[PDB]
Amino acid sequence: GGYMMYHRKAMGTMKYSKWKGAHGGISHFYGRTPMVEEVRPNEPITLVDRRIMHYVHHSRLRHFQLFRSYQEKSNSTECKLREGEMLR
Amino acid sequence: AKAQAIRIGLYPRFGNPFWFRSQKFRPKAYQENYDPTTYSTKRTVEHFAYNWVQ
Amino acid sequence: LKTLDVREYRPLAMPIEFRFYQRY
Amino acid sequence: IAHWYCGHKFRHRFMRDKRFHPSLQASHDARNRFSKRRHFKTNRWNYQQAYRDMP
Amino acid sequence: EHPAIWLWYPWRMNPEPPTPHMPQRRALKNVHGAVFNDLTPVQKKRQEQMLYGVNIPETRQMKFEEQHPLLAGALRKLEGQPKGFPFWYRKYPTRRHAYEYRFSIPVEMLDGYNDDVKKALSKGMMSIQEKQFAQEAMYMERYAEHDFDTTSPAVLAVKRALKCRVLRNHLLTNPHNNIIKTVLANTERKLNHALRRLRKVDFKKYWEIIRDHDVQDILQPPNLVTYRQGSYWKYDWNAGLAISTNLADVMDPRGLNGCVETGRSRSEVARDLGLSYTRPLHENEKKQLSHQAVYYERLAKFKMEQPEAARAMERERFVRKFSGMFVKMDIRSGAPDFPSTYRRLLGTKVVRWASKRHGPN
Amino acid sequence: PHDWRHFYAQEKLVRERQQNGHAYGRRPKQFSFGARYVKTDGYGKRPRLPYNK
Amino acid sequence: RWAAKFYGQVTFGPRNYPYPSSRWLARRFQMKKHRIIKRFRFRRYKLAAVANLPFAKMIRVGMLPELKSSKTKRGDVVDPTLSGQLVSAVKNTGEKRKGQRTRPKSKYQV
Amino acid sequence: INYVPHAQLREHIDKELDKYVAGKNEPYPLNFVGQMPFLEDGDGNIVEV
Amino acid sequence: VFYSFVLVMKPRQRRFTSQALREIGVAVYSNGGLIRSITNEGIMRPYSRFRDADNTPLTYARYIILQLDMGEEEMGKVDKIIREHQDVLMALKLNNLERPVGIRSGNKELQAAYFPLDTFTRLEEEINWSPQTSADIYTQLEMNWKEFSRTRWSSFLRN
Amino acid sequence: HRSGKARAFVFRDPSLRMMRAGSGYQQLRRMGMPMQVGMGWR
RNA sequence: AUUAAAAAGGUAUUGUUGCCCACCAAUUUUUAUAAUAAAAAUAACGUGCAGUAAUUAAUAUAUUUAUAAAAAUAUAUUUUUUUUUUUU
RNA sequence: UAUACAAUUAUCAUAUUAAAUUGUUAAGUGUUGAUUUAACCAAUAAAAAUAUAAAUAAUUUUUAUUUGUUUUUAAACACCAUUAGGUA
Ligand SMILES: [Mg+2]
Ligand SMILES: [Mg+2]
Ligand SMILES: [Mg+2]
Ligand SMILES: [Mg+2]
Ligand SMILES: [Mg+2]
Ligand SMILES: [Mg+2]
Ligand SMILES: [Mg+2]
Ligand SMILES: [Mg+2]
Ligand SMILES: [Mg+2]
Ligand SMILES: [Mg+2]
Ligand SMILES: [Mg+2]
Ligand SMILES: [Mg+2]
Ligand SMILES: [Mg+2]
Ligand SMILES: [Mg+2]
Ligand SMILES: [Mg+2]
Ligand SMILES: [Mg+2]
C-alpha cells in the first residue's frame, strides 16, 4: 500500500515494488531538499556529513524526525513528551 | 509568510535556500569573545580555563 | 463492593490540604 | 434529626429539605425543580410555528 | 411506519439512532423553541434591501437646511467646486452618521477628487460587515431621540432586531456553529427586553418596529404555566415602567378608581358619571351578552302566549324543591363548595364527586 | 508536566470560555489525512471547535 | 448520554485529593462496572423508549417472547402492534446499508 | 494612482508584457521577489538567461 | 489596497497571455470593480514545479500581480473564475491589505485610533516591502513626502 | 472526605449566634405573631 | 592505564517465601426476580496469575472481544520512574 | 428512642455573555528486483500546509439550544481479522 517517504516500508525493494517519482536530476525531491552543501575543493565529504549530522543532532531535529517518522503517538502522549522535555 | 510563499512556489516545502547569506544577520558569537549572559556552560568554563592557564 | 478492607494499610502521612480544606 | 423521616440515612433528610429552602423556591427562572429530566428534550421534534397576526 | 422507537443496548453509552430517521438537518429554533425554516418574506426583504445598498433620507438634508440655513447656503453656492473647509460638518454630528461612502466619508467631501476614487469609496465596494453597519446606522438614526443616543429602548430594539436577522440568515446557510446559535438566542433575549420596555415607553414605535422587521415571535409568552401566574406581565413591574403611562391624555382617570368610603367599585363610579370603559369585544362576548339581554322579552311572550307549557314546567320546579337532597339551606346545604369543605365524605359516603377541587379555591 | 497542571488548567479554562463556558478539556476531533479534499459539499471539511460539533 | 458513567461513588478520597479518583478505588469500581456490563452483554439485553409513551419507563425488549434468551422465564407483555414494530427495528439495526452512517456492530446485538 | 480603465486595458497589458523584451539600451527593472527574470523577445520565447 | 493577487501563470505565446489577462480584466469590470495595478513580471524559476491542465509539470512560470477593488460578494465570482482558468497555475489571495498586521495593537497609532484610510489609499508595494528595498528609499520617501505636502492644496483648490 | 459533611475551620462566635436569633420562633410566640385558632393548653 | 563513590518505586508493615484479583460449590440474609435474577456475609474445590512503575506501565471515558481475572483499538492522563540545543 | 452543617479556598456527572462558520491543495515509472518485523503471512507507492480586527457590560433561554460515535475507498496510511476480506 501507499506509504509516506519517512515511513518504514517506504522505498521498498521486491518483485512487485517500484519507486515513486522522477528519480534523478530535477527530481521528486526537487523543492523537498532540507539541506544543500556545495563541497569545497579538496574537502572530504566525511567532514561535510559529520557537520550536517552534528547540526541536526544538536538542534534536536534528527531527534524529532526519528521520533515521529517511526510510530504513531496520540496528541496527548506527544504533548506529554514535548512539555516534559521543555520543562526538564 | 512561509505558508503563502510555499503555496505560490516562492519558498521550498523543506530547507533554507538563504541559509548562508543569512548568517550575517545572526549574532554568531565567537568562542574567543565572552558574553556574560549565556546559557552556554562550555564557553564560561572555557574562559575560566584560559585565564587560569594564563 | 466488598464492604471490608482486604488490605490493612495505614499510611502515617498527614498532608495539610487533606486536613484543613477550608484554607487550602 | 429523628432517624425515621425520609430515607434510612441522614443525608436524605437534608436532600428533602432542599425542596423547602427559601432561596431555592420555584419561579419564572428556576422551574421544574423536582423533575427536570422527565421534561427534557421533549419538544425537540415538536415543530410549532410561532404566533404572528402582525406583519 | 409509526412512532419513533429508540433502541438502546445497555452496554453501549447511548441508544441507536431511532426509527425512520429524524430530518437529516436539525431544525433551527428561536429563543422560545418555535421553529423557523427560513426568514419571513418581510425579513427577507430587509436583507435584500441591505445587500444592494442603503441611502440617507433627504429628511436629513431638509432638517440640515432649516436648522442651519447659512451652512446649507454656503454648500449651495459651492456645488461641484472642491472645498477646503468642511461646511457640511453639522449634517454629520457622529462618525457613524455618514454611511453612504466607506470609512465615514460625507458625499460633498468627494467633490474635487477623481471619479475612480468616487467609485472606490462607493457602496458597491463595501464589505458585508460594513453594509450591516450601514443598515444599522440608518435605522438607529430614524428612531433616535437625539444624535448620540444609543441606550434608549427604541434604538436598542432596532439594532438588536437587525443583528438577530443577520445571525438568523447566517445560520440558514452554514448549519453548525453553535457559538452563533447561542449568540443569536442571547441577542433575542435582550431584544425581548428592549421591546417589552418600549411598549410601556411609547407603543406606536413598538408597533411599527414589529411591522418592519417582523419580530412578533419573540414577544410571544413562552409557556402557559408561567403566563398563568402573571409572570409575563410581571416583567414591566421589574423594569419599573409599570406605572409610567400618564393616563390623562388617554383613558380619562375619573372612572378608573373605586370609591373608598362608599365601597363602590370603578364600574360603579363610572356608571354614575355616565361613562363607559369597555374594552372592544370579540364575537363570543357580544353574542353571549346579546343573548342575555332578551331573556325577559322571551319570557314575557312565553307566559302570555302559552300559559300551559309554562305551568307544566313550573309544576316540575315546585315539586322538585320538595324532592332532592336538601330542602333547608343551612351551613351544610349552603356550602358554596361542597366537595371541598367536606373532603372526608368523598370516597365512602358521597359518590357525586370524584375530586375535592374543581376551582382555584 | 503534571507538576505544572495548574498552569495547563488556566489554558483549558480559556478555551472553554471561548466556547460559551462549556466544554472543558475538550479538543477538536482529528480528521483524516485527506480530510478536506475527499469530502463532498454539505459535510464539514475542516475540524471545528468542540462546542461547534 | 443515557447510561451511567460510573457505578457507585468513584471519587471518594480525602478532601483535596488532587485527582478525581485514586488507583485503588477506581480499580474496585472498574471491577463492578465490568461485571455489570458483562452481564448486559451475555444476556443480550435490549431496551427501548417509544415516542408518545412515558419515556422513563423503558420497555424491556430483550425480555420479549421472540427475542428472549431464556427458554424458561415468561418474558413480558407488550402490545402486538408495538411488539411487531420493535422486532422489526431490532432486526433491521444489525447490518450496514451503503450510504448510511457506519454504526458499531457486535455478536450480542443480535 | 493610475487606475487602469476599461478603455485602456490591452494597451496597458501589452506595455507590460514588453517590460522585458530581450533587448533595450537601459537598465532593467527587478521583480517583486527581487529577481532578474528571463528576457523574452516578442511572443514570449525565453531568449536571454 | 482592497484586494490583491499573485497569479502564477504558464509561460505561453504572447497573444495567449494578452487574451487571458483581458479575460480576467473583463471579468473584473463586469462585476463592478476596479483595477489599481496590473503588474507584469518575467518568467521565473519557482521552488516548486507546477502542473497545468495537461498534468505536464513546469519548471518556469510567468508571475503577475493583481490589485483590485471589489465588493466581497462578487469577488467570490471573480475568484472561482480566476482559479478555473486553464492558464493560471496558482493564485494566492491577499484580503488583509486594509488592516495589515502591523497596526491597531495597544495604541500603536499616534494621533488617532485605527484610521482606516491610510492603508486603503496605499498600493500593495509599500505595505509589503519587496526584498531589494534598502535604506535608499528612506531618502526618496521624504523627497516625495515634503514635495507632495507642498503642492497638494494648491493643486486641489485649482478647480 | 469528599462524600461527607462540611466542617467549620474554627468555632462560631457564640455571641454572634445569639445575635442572629432575634426573630426566631420563640421570640415570635412571645411577640404574639401566630394566631390562636384552636383551644390550646387547658 | 583502564574502569568503578553521589538521582529513584511497595496495596507490604521483622515487609516478595509479603499481600491481593476474579470466575468455579455449599450455605446465610434482604429484597425492584434478565442467558443462569440482583445485592451483601462466606473459611471449600478447581483454574490461572489480573493488580502493588509487577515480566506488552498503570488510571478514566469510548467501541469491540471473552473459561476467569481481563485483552485489542480510539481518545484524554499521571494518584508512572527524568534525564535537560536560549539562533552553532 | 429525642437531644443545633457550612457560608475564606470541598474534583463525576442540573451546562450559560459567548466569535465563530466558510477556504481545491498535494501526490504519482523506471525496470528485473530479498522490503518491514523480535518473528511470521498477504503484496504498485507516493502524497493533502495561509487569516487578524470586529461583535459592548448586566438584569425572565432551563418544555429551547449545547459538550470528540458520521455519505462517497472507484483514494491511501492506520487498525481488526489472517492469504479470500472488514474497516478506514
Ligand atoms: Mg486494500
Ligand atoms: Mg484500613
Ligand atoms: Mg507509603
Ligand atoms: Mg370555596
Ligand atoms: Mg378516600
Ligand atoms: Mg432470598
Ligand atoms: Mg446473586
Ligand atoms: Mg496489565
Ligand atoms: Mg501480574
Ligand atoms: Mg502490568
Ligand atoms: Mg484500564
Ligand atoms: Mg472499557
Ligand atoms: Mg479473558
Ligand atoms: Mg478495560
Ligand atoms: Mg451537580
Ligand atoms: Mg466511509
# chains A, B, ... in the order shown; residues from 1 in each chain; ligands from 1
>>> residues_near_ligand(ligand="ligand 1", cutoff="9 Å", atoms="only C-alpha atoms (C1' of nucleotides) and all ligand atoms", output="PyMOL selection string")
(chain A and resi 1) or (chain L and resi 73+76)
>>> write_last_selection(atoms="C-alpha atoms (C1' of nucleotides)", output="PDB file, in the first residue's frame")
ATOM      1  CA  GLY A   1       0.000   0.000   0.000  1.00  0.00           C
TER       2      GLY A   1
ATOM      3  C1'   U L  73     -12.017   3.752  -0.874  1.00  0.00           C
ATOM      4  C1'   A L  76      -4.230   5.834   0.877  1.00  0.00           C
TER       5        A L  76
END
>>> residues_around(residues="residue 77 in chain A", least_positions_apart="4", cutoff="12 Å", atoms="only C-alpha atoms (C1' of nucleotides)", output="PyMOL selection string")
(chain A and resi 68+72-73+81-84) or (chain F and resi 1) or (chain K and resi 75-78)
>>> atom_distance(atom1="CA of residue 23 in chain H", atom2="CA of residue 4 in chain H")
26.5 Å
>>> interface_residues(of="chain K", to="chain A", cutoff="8 Å", atoms="only C-alpha atoms (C1' of nucleotides)", output="PDB file with N, CA and C atoms (P, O5', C5', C4', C3', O3' and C1' of nucleotides), in the first residue's frame")
ATOM      1  P     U K  75      -5.961   8.290  18.728  1.00  0.00           P
ATOM      2  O5'   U K  75      -6.947   9.416  19.237  1.00  0.00           O
ATOM      3  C5'   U K  75      -6.623  10.178  20.376  1.00  0.00           C
ATOM      4  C4'   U K  75      -7.855  10.511  21.160  1.00  0.00           C
ATOM      5  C3'   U K  75      -7.583  11.191  22.480  1.00  0.00           C
ATOM      6  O3'   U K  75      -7.334  12.564  22.325  1.00  0.00           O
ATOM      7  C1'   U K  75      -9.074   9.423  22.836  1.00  0.00           C
ATOM      8  P     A K  76      -6.011  13.188  22.968  1.00  0.00           P
ATOM      9  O5'   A K  76      -6.582  14.388  23.850  1.00  0.00           O
ATOM     10  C5'   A K  76      -6.047  14.673  25.128  1.00  0.00           C
ATOM     11  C4'   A K  76      -6.949  14.208  26.245  1.00  0.00           C
ATOM     12  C3'   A K  76      -6.262  14.070  27.586  1.00  0.00           C
ATOM     13  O3'   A K  76      -6.056  15.311  28.234  1.00  0.00           O
ATOM     14  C1'   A K  76      -7.602  12.173  27.206  1.00  0.00           C
ATOM     15  P     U K  82      10.225  11.262  37.269  1.00  0.00           P
ATOM     16  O5'   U K  82      10.785  11.961  35.951  1.00  0.00           O
ATOM     17  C5'   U K  82      10.559  11.418  34.652  1.00  0.00           C
ATOM     18  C4'   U K  82      11.581  11.950  33.686  1.00  0.00           C
ATOM     19  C3'   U K  82      12.532  10.907  33.111  1.00  0.00           C
ATOM     20  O3'   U K  82      12.961  11.320  31.810  1.00  0.00           O
ATOM     21  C1'   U K  82      13.757  12.454  34.412  1.00  0.00           C
ATOM     22  P     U K  83      13.077  10.264  30.596  1.00  0.00           P
ATOM     23  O5'   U K  83      14.612  10.306  30.172  1.00  0.00           O
ATOM     24  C5'   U K  83      15.146  11.401  29.443  1.00  0.00           C
ATOM     25  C4'   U K  83      15.558  12.526  30.366  1.00  0.00           C
ATOM     26  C3'   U K  83      16.559  13.519  29.804  1.00  0.00           C
ATOM     27  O3'   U K  83      15.900  14.530  29.074  1.00  0.00           O
ATOM     28  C1'   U K  83      17.131  12.921  32.042  1.00  0.00           C
ATOM     29  P     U K  84      16.198  14.755  27.519  1.00  0.00           P
ATOM     30  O5'   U K  84      16.002  16.321  27.361  1.00  0.00           O
ATOM     31  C5'   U K  84      17.119  17.142  27.090  1.00  0.00           C
ATOM     32  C4'   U K  84      17.252  18.284  28.068  1.00  0.00           C
ATOM     33  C3'   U K  84      18.603  18.988  28.033  1.00  0.00           C
ATOM     34  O3'   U K  84      18.642  20.023  27.064  1.00  0.00           O
ATOM     35  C1'   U K  84      17.946  18.540  30.294  1.00  0.00           C
ATOM     36  P     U K  85      18.466  19.706  25.497  1.00  0.00           P
ATOM     37  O5'   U K  85      19.060  21.009  24.807  1.00  0.00           O
ATOM     38  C5'   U K  85      20.421  21.370  24.990  1.00  0.00           C
ATOM     39  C4'   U K  85      20.883  22.298  23.900  1.00  0.00           C
ATOM     40  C3'   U K  85      20.306  23.703  23.961  1.00  0.00           C
ATOM     41  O3'   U K  85      21.049  24.545  24.832  1.00  0.00           O
ATOM     42  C1'   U K  85      20.086  22.839  21.761  1.00  0.00           C
ATOM     43  P     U K  88      21.084  27.177  15.045  1.00  0.00           P
ATOM     44  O5'   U K  88      22.668  27.273  15.204  1.00  0.00           O
ATOM     45  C5'   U K  88      23.469  27.849  14.174  1.00  0.00           C
ATOM     46  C4'   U K  88      24.908  27.383  14.231  1.00  0.00           C
ATOM     47  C3'   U K  88      25.134  25.872  14.095  1.00  0.00           C
ATOM     48  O3'   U K  88      26.317  25.640  13.328  1.00  0.00           O
ATOM     49  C1'   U K  88      26.108  26.641  16.108  1.00  0.00           C
TER      50        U K  88
END
>>> residues_near_ligand(ligand="ligand 15", cutoff="9 Å", atoms="only C-alpha atoms (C1' of nucleotides) and all ligand atoms", output="PyMOL selection string")
chain L and resi 12-14
>>> write_last_selection(atoms="C-alpha atoms (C1' of nucleotides)", output="PDB file, in the first residue's frame")
ATOM      1  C1'   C L  12     -18.057  12.735  38.287  1.00  0.00           C
ATOM      2  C1'   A L  13     -21.956  13.844  36.257  1.00  0.00           C
ATOM      3  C1'   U L  14     -28.802  20.277  36.649  1.00  0.00           C
TER       4        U L  14
END
>>> residues_around(residues="range 28-45 of chain A", least_positions_apart="5", cutoff="8 Å", atoms="only C-alpha atoms (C1' of nucleotides)", output="list in words")
residues 21, 22 and 23 of chain A; 12, 13, 14, 15 and 16 of chain B; 47, 48 and 49 of chain I
>>> residues_around(residues="residue 27 in chain B", least_positions_apart="3", cutoff="9 Å", atoms="only C-alpha atoms (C1' of nucleotides)", output="list in words")
residues 23 and 24 of chain B; 87 of chain K
>>> write_last_selection(atoms="N, CA, C and O atoms (P, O5', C5', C4', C3', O3' and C1' of nucleotides)", output="PDB file, in the first residue's frame")
ATOM      1  N   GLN B  23      23.603  34.310   7.494  1.00  0.00           N
ATOM      2  CA  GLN B  23      24.494  34.187   8.632  1.00  0.00           C
ATOM      3  C   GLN B  23      25.005  35.545   9.121  1.00  0.00           C
ATOM      4  O   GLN B  23      25.406  35.674  10.280  1.00  0.00           O
ATOM      5  N   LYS B  24      24.982  36.554   8.250  1.00  0.00           N
ATOM      6  CA  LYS B  24      25.403  37.900   8.644  1.00  0.00           C
ATOM      7  C   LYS B  24      24.495  38.442   9.729  1.00  0.00           C
ATOM      8  O   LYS B  24      24.945  39.036  10.712  1.00  0.00           O
TER       9      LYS B  24
ATOM     10  P     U K  87      21.550  30.377  21.426  1.00  0.00           P
ATOM     11  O5'   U K  87      20.704  29.866  20.176  1.00  0.00           O
ATOM     12  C5'   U K  87      21.350  29.302  19.045  1.00  0.00           C
ATOM     13  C4'   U K  87      20.481  29.343  17.818  1.00  0.00           C
ATOM     14  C3'   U K  87      21.260  29.364  16.507  1.00  0.00           C
ATOM     15  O3'   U K  87      20.552  28.625  15.509  1.00  0.00           O
ATOM     16  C1'   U K  87      19.916  31.300  16.657  1.00  0.00           C
TER      17        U K  87
END
>>> select_by_dssp(residues="range 129-295 of chain E", states="alpha helix (DSSP H)", output="ChimeraX atom specification")
/E:129-143,153-173,178-201,203-213,224-228,235-238,266-273,283-293,295
>>> residues_near_ligand(ligand="ligand 2", cutoff="7 Å", atoms="only C-alpha atoms (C1' of nucleotides) and all ligand atoms", output="count of residues only")
5
>>> residues_near_ligand(ligand="ligand 9", cutoff="10 Å", atoms="only C-alpha atoms (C1' of nucleotides) and all ligand atoms", output="number ranges by chain")
K: 21, 49-52, 54-55
>>> write_last_selection(atoms="N, CA and C atoms (P, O5', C5', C4', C3', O3' and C1' of nucleotides)", output="PDB file, in the first residue's frame")
ATOM      1  P     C K  21      -9.089  -9.565  47.072  1.00  0.00           P
ATOM      2  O5'   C K  21      -8.899  -9.672  45.494  1.00  0.00           O
ATOM      3  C5'   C K  21      -8.996  -8.512  44.685  1.00  0.00           C
ATOM      4  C4'   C K  21      -8.920  -8.846  43.221  1.00  0.00           C
ATOM      5  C3'   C K  21      -9.938  -9.850  42.720  1.00  0.00           C
ATOM      6  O3'   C K  21     -11.203  -9.272  42.479  1.00  0.00           O
ATOM      7  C1'   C K  21      -7.801 -10.432  41.908  1.00  0.00           C
ATOM      8  P     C K  49      -0.449 -18.738  34.368  1.00  0.00           P
ATOM      9  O5'   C K  49      -0.421 -17.261  34.959  1.00  0.00           O
ATOM     10  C5'   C K  49      -1.098 -16.213  34.284  1.00  0.00           C
ATOM     11  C4'   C K  49      -1.651 -15.202  35.252  1.00  0.00           C
ATOM     12  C3'   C K  49      -0.637 -14.204  35.814  1.00  0.00           C
ATOM     13  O3'   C K  49      -1.227 -12.907  35.871  1.00  0.00           O
ATOM     14  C1'   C K  49      -1.734 -15.302  37.588  1.00  0.00           C
ATOM     15  P     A K  50      -0.728 -11.770  34.850  1.00  0.00           P
ATOM     16  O5'   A K  50      -1.764 -10.593  35.055  1.00  0.00           O
ATOM     17  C5'   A K  50      -2.873 -10.431  34.194  1.00  0.00           C
ATOM     18  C4'   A K  50      -3.846  -9.494  34.835  1.00  0.00           C
ATOM     19  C3'   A K  50      -3.220  -8.569  35.862  1.00  0.00           C
ATOM     20  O3'   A K  50      -2.594  -7.440  35.287  1.00  0.00           O
ATOM     21  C1'   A K  50      -5.118  -9.578  36.794  1.00  0.00           C
ATOM     22  P     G K  51      -1.105  -7.038  35.732  1.00  0.00           P
ATOM     23  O5'   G K  51      -1.326  -6.107  37.008  1.00  0.00           O
ATOM     24  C5'   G K  51      -2.280  -5.057  36.991  1.00  0.00           C
ATOM     25  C4'   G K  51      -2.684  -4.661  38.382  1.00  0.00           C
ATOM     26  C3'   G K  51      -1.543  -4.285  39.306  1.00  0.00           C
ATOM     27  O3'   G K  51      -1.116  -2.947  39.125  1.00  0.00           O
ATOM     28  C1'   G K  51      -3.014  -5.762  40.420  1.00  0.00           C
ATOM     29  P     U K  52       0.439  -2.596  38.927  1.00  0.00           P
ATOM     30  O5'   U K  52       0.999  -2.444  40.405  1.00  0.00           O
ATOM     31  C5'   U K  52       0.580  -1.357  41.205  1.00  0.00           C
ATOM     32  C4'   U K  52       0.891  -1.597  42.656  1.00  0.00           C
ATOM     33  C3'   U K  52       2.364  -1.616  43.030  1.00  0.00           C
ATOM     34  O3'   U K  52       2.854  -0.305  43.280  1.00  0.00           O
ATOM     35  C1'   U K  52       1.196  -3.431  44.070  1.00  0.00           C
ATOM     36  P     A K  54       5.205  -2.411  35.813  1.00  0.00           P
ATOM     37  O5'   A K  54       5.702  -3.552  36.813  1.00  0.00           O
ATOM     38  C5'   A K  54       6.377  -4.707  36.322  1.00  0.00           C
ATOM     39  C4'   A K  54       5.736  -5.988  36.790  1.00  0.00           C
ATOM     40  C3'   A K  54       4.223  -6.038  36.688  1.00  0.00           C
ATOM     41  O3'   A K  54       3.820  -7.339  36.314  1.00  0.00           O
ATOM     42  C1'   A K  54       4.880  -6.402  38.925  1.00  0.00           C
ATOM     43  P     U K  55       2.842  -7.501  35.065  1.00  0.00           P
ATOM     44  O5'   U K  55       3.830  -7.680  33.846  1.00  0.00           O
ATOM     45  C5'   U K  55       4.507  -8.906  33.695  1.00  0.00           C
ATOM     46  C4'   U K  55       5.609  -8.804  32.692  1.00  0.00           C
ATOM     47  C3'   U K  55       5.796 -10.077  31.898  1.00  0.00           C
ATOM     48  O3'   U K  55       6.305  -9.739  30.610  1.00  0.00           O
ATOM     49  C1'   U K  55       7.707  -9.707  33.246  1.00  0.00           C
TER      50        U K  55
END
>>> residues_near_ligand(ligand="ligand 6", cutoff="9 Å", atoms="only C-alpha atoms (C1' of nucleotides) and all ligand atoms", output="number ranges by chain")
K: 29-31
>>> residues_around(residues="residue 8 in chain I", least_positions_apart="6", cutoff="12 Å", atoms="only C-alpha atoms (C1' of nucleotides)", output="PDB file with C-alpha atoms, in the first residue's frame")
ATOM      1  CA  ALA B   5       5.307  31.764  -0.025  1.00  0.00           C
ATOM      2  CA  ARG B   7       1.740  27.803  -1.989  1.00  0.00           C
ATOM      3  CA  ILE B   8       2.876  30.413  -4.519  1.00  0.00           C
ATOM      4  CA  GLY B   9       6.096  28.465  -5.112  1.00  0.00           C
ATOM      5  CA  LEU B  10       8.418  31.186  -3.791  1.00  0.00           C
TER       6      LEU B  10
ATOM      7  CA  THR I  17      -1.139  35.861 -22.273  1.00  0.00           C
ATOM      8  CA  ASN I  40       3.934  42.318 -15.132  1.00  0.00           C
ATOM      9  CA  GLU I  41       6.916  40.286 -14.173  1.00  0.00           C
ATOM     10  CA  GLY I  42       9.133  37.925 -16.079  1.00  0.00           C
ATOM     11  CA  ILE I  43       9.312  34.221 -16.420  1.00  0.00           C
ATOM     12  CA  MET I  44      10.816  32.958 -13.214  1.00  0.00           C
ATOM     13  CA  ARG I  45      12.016  29.673 -11.797  1.00  0.00           C
ATOM     14  CA  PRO I  46       9.956  28.755  -8.705  1.00  0.00           C
ATOM     15  CA  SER I  48       8.101  24.068  -6.756  1.00  0.00           C
ATOM     16  CA  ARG I  49       7.399  22.678 -10.179  1.00  0.00           C
ATOM     17  CA  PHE I  50       3.754  23.332 -11.119  1.00  0.00           C
ATOM     18  CA  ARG I  51       1.438  21.235 -13.236  1.00  0.00           C
ATOM     19  CA  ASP I  52      -1.008  22.813 -15.680  1.00  0.00           C
ATOM     20  CA  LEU I  58       6.509  23.064 -15.349  1.00  0.00           C
ATOM     21  CA  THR I  59       9.925  24.368 -14.384  1.00  0.00           C
ATOM     22  CA  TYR I  60       9.295  28.004 -15.468  1.00  0.00           C
ATOM     23  CA  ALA I  61       6.309  30.309 -14.990  1.00  0.00           C
ATOM     24  CA  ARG I  62       5.350  33.946 -15.502  1.00  0.00           C
ATOM     25  CA  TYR I  63       4.370  35.903 -12.384  1.00  0.00           C
ATOM     26  CA  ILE I  64       1.626  38.543 -12.452  1.00  0.00           C
ATOM     27  CA  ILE I  65       0.456  40.810  -9.635  1.00  0.00           C
ATOM     28  CA  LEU I  66      -3.179  41.981  -9.422  1.00  0.00           C
ATOM     29  CA  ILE I  82      -9.729  33.021 -11.938  1.00  0.00           C
ATOM     30  CA  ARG I  83      -8.879  29.707 -10.295  1.00  0.00           C
ATOM     31  CA  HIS I  85      -8.835  29.378 -15.902  1.00  0.00           C
ATOM     32  CA  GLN I  86      -6.502  26.920 -17.630  1.00  0.00           C
ATOM     33  CA  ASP I  87      -3.544  29.249 -17.852  1.00  0.00           C
ATOM     34  CA  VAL I  88      -3.448  30.246 -14.203  1.00  0.00           C
ATOM     35  CA  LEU I  89      -1.250  27.737 -12.376  1.00  0.00           C
ATOM     36  CA  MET I  90      -1.688  29.252  -8.988  1.00  0.00           C
ATOM     37  CA  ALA I  91      -3.343  32.206  -7.388  1.00  0.00           C
ATOM     38  CA  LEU I  92      -2.630  33.412  -3.919  1.00  0.00           C
ATOM     39  CA  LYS I  93      -5.101  35.910  -2.473  1.00  0.00           C
TER      40      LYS I  93
END
>>> residues_around(residues="residue 3 in chain J", least_positions_apart="5", cutoff="9 Å", atoms="only C-alpha atoms (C1' of nucleotides)", output="PyMOL selection string")
chain G and resi 9+11-15
>>> residues_near_ligand(ligand="ligand 4", cutoff="10 Å", atoms="only C-alpha atoms (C1' of nucleotides) and all ligand atoms", output="ChimeraX atom specification")
/E:335-341,357-361
>>> closest_atom_pairs(of="chain B", to="chain L", cutoff="9 Å", atoms="only C-alpha atoms (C1' of nucleotides)", output="tab-separated table")
residue	atom	partner	partner_atom	distance
B:1	CA	L:50	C1'	7.6
B:2	CA	L:50	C1'	8.4
B:3	CA	L:50	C1'	5.3
B:4	CA	L:50	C1'	5.5
B:6	CA	L:49	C1'	8.4
B:7	CA	L:49	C1'	8.3
>>> residues_near_ligand(ligand="ligand 16", cutoff="9 Å", atoms="only C-alpha atoms (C1' of nucleotides) and all ligand atoms", output="NGL selection string")
(:G and (99 or 101-102)) or (:L and (70-73 or 87-88))
>>> write_last_selection(atoms="C-alpha atoms (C1' of nucleotides)", output="PDB file, in the first residue's frame")
ATOM      1  CA  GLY G  99     -24.917   5.364   2.243  1.00  0.00           C
ATOM      2  CA  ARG G 101     -23.609   6.168   8.720  1.00  0.00           C
ATOM      3  CA  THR G 102     -21.498   3.277   9.919  1.00  0.00           C
TER       4      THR G 102
ATOM      5  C1'   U L  70     -20.709  10.193  10.880  1.00  0.00           C
ATOM      6  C1'   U L  71     -22.358   9.970   2.806  1.00  0.00           C
ATOM      7  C1'   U L  72     -18.648   8.779  -1.144  1.00  0.00           C
ATOM      8  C1'   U L  73     -12.017   3.752  -0.874  1.00  0.00           C
ATOM      9  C1'   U L  87     -12.940  -1.117   8.464  1.00  0.00           C
ATOM     10  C1'   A L  88     -10.516   3.283   7.425  1.00  0.00           C
TER      11        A L  88
END
>>> residues_around(residues="range 15-25 of chain F", least_positions_apart="2", cutoff="12 Å", atoms="only C-alpha atoms (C1' of nucleotides)", output="ChimeraX atom specification")
/A:76 /E:177-183,186 /F:8-13,27-28,48-53 /K:75-77 /L:15-20,66-68
>>> residues_near_ligand(ligand="ligand 8", cutoff="9 Å", atoms="only C-alpha atoms (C1' of nucleotides) and all ligand atoms", output="VMD selection string")
chain K and resid 50 to 51 56 to 58 70 to 71
>>> write_last_selection(atoms="C-alpha atoms (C1' of nucleotides)", output="PDB file, in the first residue's frame")
ATOM      1  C1'   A K  50      -5.118  -9.578  36.794  1.00  0.00           C
ATOM      2  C1'   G K  51      -3.014  -5.762  40.420  1.00  0.00           C
ATOM      3  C1'   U K  56       3.389  -5.916  26.380  1.00  0.00           C
ATOM      4  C1'   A K  57       3.477   0.942  32.869  1.00  0.00           C
ATOM      5  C1'   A K  58      -0.934   1.905  35.003  1.00  0.00           C
ATOM      6  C1'   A K  70      -9.495  -9.203  31.717  1.00  0.00           C
ATOM      7  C1'   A K  71      -7.426  -8.288  26.375  1.00  0.00           C
TER       8        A K  71
END
>>> atom_distance(atom1="CA of residue 11 in chain I", atom2="CA of residue 46 in chain H")
9.2 Å
